[PDB]
6 protein chains.
Amino acid sequence: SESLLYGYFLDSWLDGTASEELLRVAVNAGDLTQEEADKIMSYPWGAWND
Amino acid sequence: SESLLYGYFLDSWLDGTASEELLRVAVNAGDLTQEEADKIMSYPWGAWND
Amino acid sequence: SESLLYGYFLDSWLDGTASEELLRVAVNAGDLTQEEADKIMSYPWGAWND
Amino acid sequence: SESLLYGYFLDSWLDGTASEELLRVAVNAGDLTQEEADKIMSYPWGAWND
Amino acid sequence: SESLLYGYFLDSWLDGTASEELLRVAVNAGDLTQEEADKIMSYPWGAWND
Amino acid sequence: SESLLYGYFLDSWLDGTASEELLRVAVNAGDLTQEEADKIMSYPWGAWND
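We count residues from 1 along each chain, following the written sequence rather than the entry's numbering, and we skip any residue without coordinates. For naming, the first written chain is A and the first written ligand is 1, with later ones following in the order written. Based on all heavy atoms of the structure, the side-chain values leave hydrogens and waters out of the count.

K.L.:
For this particular structure, what's the right way to read the overall build of chain A?
P.N.:
Tallying secondary structure elements over chain A gives three helices and zero strands in all. Secondary structure elements are defined from DSSP: runs of H or I of at least 4 residues count as helices, runs of E of at least 2 residues count as strands, and each element is numbered from the N terminus. Helices and strands in chain A line up, N terminus first, as α-α-α. Throughout, the radius of gyration refers to the C-alpha atoms, and the reference size of a globule is 2.2 Å times the residue count to the power 0.38. A globule of 50 residues ought to have a C-alpha radius of gyration of about 10 Å, and chain A, at 10 Å, matches this closely. The C-alpha extent of chain A, read off along each of the three principal axes, is 30 × 20 × 15 Å.

Quick look at the structure:
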């Protein structure tokens, strides 16, 4: 099952506030797994603003 | 029982921010089941903005 | 106990965004029970905007 | 322990959106206990807007 | 562990909406412990608006 | 596992509302561990506003 903040970091990618770097900071923080970051990046960045 | 982000992706369809493609990205990500996507699409898209 | 999205659909009725039809779509989706829809409709629709 | 929507209905009283009637509709709906409604009404109504 | 509404009442203190009186109403309501109120008051009131 | 308010205090750092002092108040309150504060500070402060 996913990290507690997966939905939070996925939302920030989809609303265009998060960057590639931020997600990696979260990976090294342990708030996301590497696999989760790669999954979030598979979404259209800033899709909510389209 | 539903995927953790079902209510999140249902809300984005109902508020008119999500698209058909986005839901399918979530299906292949494993954040939604195929059945859940098809269920969300059964709702009036952008119903909150009506 | 109630469906996960009961509080969500109750809020949308109370803030005047949801309709009678939408609640029934949710009933047939299985995101609300028939009894839950009938309960939500017992509230003043758009009570938050009054 | 409290009804799931206690914090929701307490917030609506504190932000000045809920009324005495609404809380009682929730009591008869079973979304709040009578004791919970009486507790919420013990707070300053619309305290967040003060 | 903390009362369900601890994070809610802490947020209202930090965003400058809650007062000393409100927190005490919550103490007597049983939505916060006395110790929790005293803890919340240890934060800079309206810190989010600074 | 993390303190209940970790995601809350991480969000306030990322949206630029929280300060170094605030996080330390939360450390001494016991709403965050020292390790959690140091982790939150490893993120770009006010990253959501960038």
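Read on for the rest.
K.L.:
Sorry if this is basic, but what is going on with the relation of the copies chain A and chain B here?
P.N.:
Superposition of the two copies of the chain requires a rotation about an axis together with a shift along that axis. Expressed as a screw transformation, the operator carrying chain A onto chain B has a rotation angle of 60° and an axial translation of 0.0 Å, and the superposed copies differ by an RMSD of 0.0 Å. Such a turn and shift between the copies fits a six-fold axis. Each copy is placed on the others by a least-squares superposition of C-alpha atoms.

K.L.:
Help me understand the interface of chain F and chain A, please; the structure alone is not making it clear to me.
P.N.:
One frequent convention defines the size of an interface as the accessible area lost when the parts assemble. Note on contacts: a residue pair is in contact if any heavy atoms of the two residues lie within 4.5 Å. The partner chain A presents 13 residues to the 12 residues of chain F that form the contact. Summed over both partners, the accessible surface that disappears when two parts come together, traced with a 1.4 Å probe, is what is meant by buried area. Here chain F meets chain A over a buried area of about 970 Å², counting both sides, of which 65% is carbon and sulfur. It is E2(F), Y43(F) and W48(F) that lose the most area in chain F upon contact with chain A, and together they represent 54% of the buried surface on that side. Salt bridges are counted wherever a side-chain nitrogen of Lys or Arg sits within 4 Å of a carboxyl oxygen of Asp or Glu. Across the chain F-chain A interface, the total number found is one salt bridge. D31(A) is paired through a salt bridge with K39(F); the nearest N and O atoms lie 3.4 Å apart. Under this definition, polar contacts are N or O atom pairs within 3.5 Å; protein pairs additionally need one hydrogen-donor-capable and one acceptor-capable atom, and for neighbouring residues in sequence, both atoms have to be side-chain atoms. There are five residue pairs in polar contact connecting chain F and chain A. The greatest single-element share of the side of chain F that touches chain A, amounting to five residues, is contributed by helix α1 (residues 6–14) of chain F. Three classes are used, and their members are as follows: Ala, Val, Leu, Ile, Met, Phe, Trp, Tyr, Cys and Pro are nonpolar, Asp, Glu, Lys and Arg are charged, and the others, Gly among them, are polar. Class assignment for the residues of the side of chain F that touches chain A results in seven nonpolar, two polar and three charged.

K.L.:
I tried to follow the arrangement of the chains on my own but got confused; where do I start?
P.N.:
There is no contact between chain C and chain E; across them, the least C-alpha separation is 17 Å. A gap remains between chain C and chain F, which never touch, and the nearest two C-alpha atoms on either side lie 21 Å apart.

K.L.:
Quick question: what am I supposed to make of the interface of chain A and chain B here?
P.N.:
Listed per partner, the contact involves 12 residues of chain A and 13 residues of chain B. If you sort the residues of chain A by the area they bury against chain B, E2(A), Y43(A) and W48(A) come out on top, with a joint share of 55%. Viewed at the interface, chain B and chain A are joined by one salt bridge. Of all the elements, helix α1 (residues 6–14) of chain A adds the most residues to the side of chain A that touches chain B, at five residues. Residue composition of the side of chain A that touches chain B, grouped by class: seven nonpolar, two polar and three charged.

K.L.:
Any chance you could explain the environment of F9(A) here in plain terms?
P.N.:
All names here are of chain A. Mapped onto the elements, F9 comes out in helix α1. To sort residues, take the accessible area from a 1.4 Å probe on protein chains only and compare it with the maximum for the residue type: under 20% means buried, over 50% means exposed, and anything in between is partly exposed. According to the relative accessible area criterion, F9 is buried, its value standing at 0%. A sequence separation of 15 residues divides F9 from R24, and the C-alpha atoms of the two residues are 11 Å apart.

K.L.:
Hey, could you run me through the packing of aromatic side chains in this one?
P.N.:
The geometry of two aromatic rings is summed up by the distance between their centres and the angle between their planes. Planes of paired rings set the category: under 30 degrees apart is stacked, over 60 is edge-to-face and the rest tilted, where pairs are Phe, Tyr or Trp rings (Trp by its six-membered ring) whose centres lie within 6.5 Å. Using the criterion set out here, one finds 24 aromatic pairs over all chains in the structure. Judged by centre distance (6.2 Å) and plane angle (50°), the ring pair of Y8(A) and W48(F) falls under tilted. One end of the pair, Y8(A), is in helix α1; the other, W48(F), is in the segment after α3 (34–40), on a second chain. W48(F) gets classed as buried once you look at its relative accessible area, which sits at 16%.

K.L.:
It is not clear to me how the environment of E2(E) should be interpreted in this structure. Could you clarify?
P.N.:
Inspection of the secondary structure assignment puts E2(E) in the segment before α1 (6–14). Between the C-alpha atoms of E2(E) and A26(E), which are 24 residues apart in sequence, the distance is 13 Å. Sequence-distant contacts of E2(E), that is, excluding residues within four places in its chain, are made with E36(E), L4(F), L5(F) and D31(F).

K.L.:
I'm lost on the side chain of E36(F) in this one. Help?
P.N.:
Residue and element names in this part refer to chain F. Note on placement: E36 falls in helix α3. One buried charged residue, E36, remains without a salt bridge, the closest side chain of opposite sign being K39 at 5.9 Å. A distance of 2.6 Å separates a polar atom in the side chain of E36 from the backbone nitrogen of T33. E36 has contacts with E2, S3 and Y6, leaving out every residue within four places of it along the chain. When charges are counted, neither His nor the chain ends are considered; positive counts come from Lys and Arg and negative counts from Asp and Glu.

K.L.:
I keep staring at helix α1 (residues 6–14) of chain B and nothing clicks. Help me out?
P.N.:
What sets the pattern is the α-helix's 3.6 residues per turn: residues three or four places apart point alike. Most of α1(B) is tucked away: seven of the nine residues are buried. Buried within α1(B) are the following residues: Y6(B), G7(B), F9(B), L10(B), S12(B), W13(B) and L14(B). For α1(B), the secondary structure elements touched by its buried residues are α1 of chain A, α2 (20–29) and α3 (34–40) of chain B together with α1 (6–14) and α2 (20–29) of chain C. At the exit of α1(B) stands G16(B), carrying a positive phi of roughly 75°.

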